[PDB]
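Novice:
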Amino acid sequence: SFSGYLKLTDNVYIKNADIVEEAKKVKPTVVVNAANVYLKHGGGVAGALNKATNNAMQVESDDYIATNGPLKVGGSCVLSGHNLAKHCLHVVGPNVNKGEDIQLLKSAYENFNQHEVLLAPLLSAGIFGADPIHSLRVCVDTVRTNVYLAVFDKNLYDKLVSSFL
Ligand SMILES: Cn1ccc(C(=O)Nc2cccc(C(=O)O)c2)n1
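This is the structure in structure tokens:
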């Protein structure tokens, strides 16, 4: 089960950890991927999760896209968790580096409410370009289910905890 997490609110928890390593240890029911609309798991959390599945997540995702077309920014899809989790909830947060509307971050987090417990990264943080402090605030104000946030970067983790209102 989840260990070493700091409780932020009644339902949001945070830990300075590699989400891939957290997933392999916990094997949660749901691991959230920081996905793009095309499910092209190239870099950041998506690239790391996909590489941990030996590219099985990408093969599965390409078949999903061939059948269904791309996701919407703010949307999600449930696919296999492979060796990491029972399921992977691929959530598309807005990518600020691609000029996408930051207001879609709340819609993206609403996808977590369909799952009772999730292991997740901060949406739109990292290479997506949004302020991680803002992402954590939208997370605690939007997600009502139990979310265990894994923040890879130690310095960012410390900044997030020390600035949490
Ligand atoms: C105001 N602003 C926008 C972006 C940032 C910012 O510090 N982003 C950032 C930088 C380094 C790592 C990570 C991460 O999620 O791993 C995120 N600050």
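According to the numbering used here, the residues represented by the sequence shown are 121 to 285, in order. Each residue gets a CB set at the ideal place from its N, CA and C atoms; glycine is no exception.
#1: DSSP three-state label for residue 96, please.
#2: Need the endpoints of the alpha helix (DSSP H) that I247 sits in, please.
#3: Quick one: grab the DSSP three-state call for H235.
#4: Enumerate in chain order the residues of its own chain whose CB-to-CB distance from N266 is below 6 Å, with the five nearest sequence positions on each side excluded.
#5: Once the 5 residues before and after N136 are set aside, which same chain residues still bring their CB inside 7 Å of it?
#6: Would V140 and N153 be called neighbours here (beta carbons separated by less than 8 Å)?
#7: Count the other CB atoms, across all protein chains shown, that sit within 10 Å of the CB of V179; report buried if there are 16 or more and exposed otherwise.
#8: Pick from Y184, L199, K279, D221: whose alpha carbon is nearest that of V193?
Specialist: So, to answer that:
#1: Residue 96 cannot be examined here, being either before or after the span of the chain that is shown, 121 to 285.
#2: Here residue 247 corresponds to residue number 127 of the sequence shown, with the count starting at 1. Run containing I247: none; DSSP gives neither H nor E here.
#3: What you label residue 235 is simply residue 115 of the sequence shown in a count that begins at 1. Of the three classes helix, strand and coil, the one that applies to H235 here is coil, per DSSP.
#4: Locating residue 266 in the sequence shown gives position 146, counting from the first residue. So the list reads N131, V237, once near-sequence residues are dropped.
#5: Translated into the one-based positions of the sequence shown, residue 136 becomes position 16. For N136, the CB contacts under 7 Å within the same chain, skipping 5 residues up- and downstream, are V271, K274, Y277 in chain order.
#6: Your numbering for residue 140 matches position 20 in the sequence shown. Your numbering for residue 153 matches position 33 in the sequence shown. In this structure, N153 does not lie closer than 8 Å to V140 by Cβ.
#7: Taking the first residue of the sequence shown as 1, we reach residue 179 at position 59. In the assembly as shown, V179 is an exposed residue. Its beta-carbon has fewer than 16 other beta-carbons within 10 Å.
#8: In the sequence shown, the residue the question calls residue 193 occupies position 73. Nearest C-alpha to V193: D221.
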